[PDB]
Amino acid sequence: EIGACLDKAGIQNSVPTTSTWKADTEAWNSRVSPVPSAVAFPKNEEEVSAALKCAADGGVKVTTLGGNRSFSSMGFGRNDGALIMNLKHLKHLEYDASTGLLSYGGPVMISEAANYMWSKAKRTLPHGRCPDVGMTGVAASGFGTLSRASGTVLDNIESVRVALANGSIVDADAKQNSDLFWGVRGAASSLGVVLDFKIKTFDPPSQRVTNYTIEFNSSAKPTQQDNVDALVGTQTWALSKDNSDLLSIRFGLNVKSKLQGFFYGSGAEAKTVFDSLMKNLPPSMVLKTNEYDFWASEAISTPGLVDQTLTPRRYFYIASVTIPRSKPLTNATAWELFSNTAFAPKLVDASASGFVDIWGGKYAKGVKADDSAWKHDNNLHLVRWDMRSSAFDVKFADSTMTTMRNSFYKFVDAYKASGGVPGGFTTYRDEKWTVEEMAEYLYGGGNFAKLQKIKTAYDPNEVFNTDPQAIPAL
């Protein structure tokens, strides 16, 4: 039926009959498998509106595909029976030297954007650390090595061009369709088919880049306390006058934790930075560094960048929260994090691992709660803990993910108990959030109500409600 309306309009489409149905509806997380009603492949903006009319006519719900690297298979549902908007014909990358803006859309990959910007203008741009993530999907937040210095991916979106539920295609930015743009910066999937993003680009912040590892020396016998002190001390440094936003810090959460990242600088500059950080750390930890040119370092931070490499599918689950600078970790809450992650009993049939990405810095201090639908003002930490099996065709029981989830939220609850009001990270959204949880974590500070108001205005028939976490209308 939906497939017949589409065929009527001249729109290339896949339905369960089509010989390529299986390949066209394969999501990245093998644990979450939406069966959609159809996949549309519009060739221009006319076909985008014509496909949405078919869905509106039929009552079919719509979601649109980015790079198909959702940690929770969001791009295909997750509810069954949706129309999938595959924008592969609208793929583009265009750098406007007058504005410094990169314009992009369709299933454009992080690695593709970086290689273009590099060979076009020897420039960089905010991006995550997986090469095959879609730039459109990661603009729901997006944390990279330069984010302490330059903001998240979402923070650098200057405008979008959106196809709406009734076929109108509009431009939105801070000056025009401003409430829709606000909503798109955090709830894009609930609001339109976004056909174009404009992200700000940057000259590399240094010629040379020092990548580093800080870890306990091989003879140290680190306890839980030693690990806590390394985390709290890293926090102390980031909050100190010694802090540099040119230092990315991924704090690997393990019984022998370690810090890894990149300093955008060389020579004595890095040595002064590393020195003030080490002096905040347990005395048994040791620093190791290497030095590369800027572009080579990008292939280190984003492995597989230069060959635009693909990531294997995973039987996967992630839970994540942000720590706002309004409640930094205390030794007690830092302790609860370790007890529930690295020092938790191992999972019977999955590997759990993760890190605290250190956030903070000047840019985040100047993000206001209401700058976007996604509330991300003045964050200090990004906590990620995930589980995976060894192979996409190897599963772990639901009860295993339950156990892991209850442990992580024991930490979150202790953090709350300490006074903290944890936030969320859209690209690391908890697939098991209720709406109550999704609003508190992603859309706090009264953002959610304003979000519903914008939803009710721009999609009142809930065409864009393919997921239990899609924003409901009034």
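Residue numbers here begin at 1 and follow the sequence given.
When 100 to 108 is weighed against 265 to 273, 265 to 273 comes out higher, by mean CA B-factor as recorded in the entry.
Taking the mean C-alpha B-factor of each stretch as recorded, 310 to 318 and 88 to 96 are not equal, and the higher mean is that of 88 to 96. Of all the options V356, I214, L191, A342, the entry's greatest CA B-factor is assigned to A342. Of the candidates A51, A27, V435, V421, it is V435 whose Cα B-factor is highest according to the PDB record. Placement of the Cα temperature factor of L451 within the chain: middle third of the modelled residues, per the deposited record.
When the modelled residues of the chain are ordered by their C-alpha B factor, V15 lands in the middle third. In the PDB entry, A55 places in the middle third of its chain by CA B-factor. When all modelled residues of the chain are sorted by CA temperature factor, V162 is found within the middle third. The entry lists a Cα temperature factor for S390 that places it in the lowest third of the chain's modelled residues.
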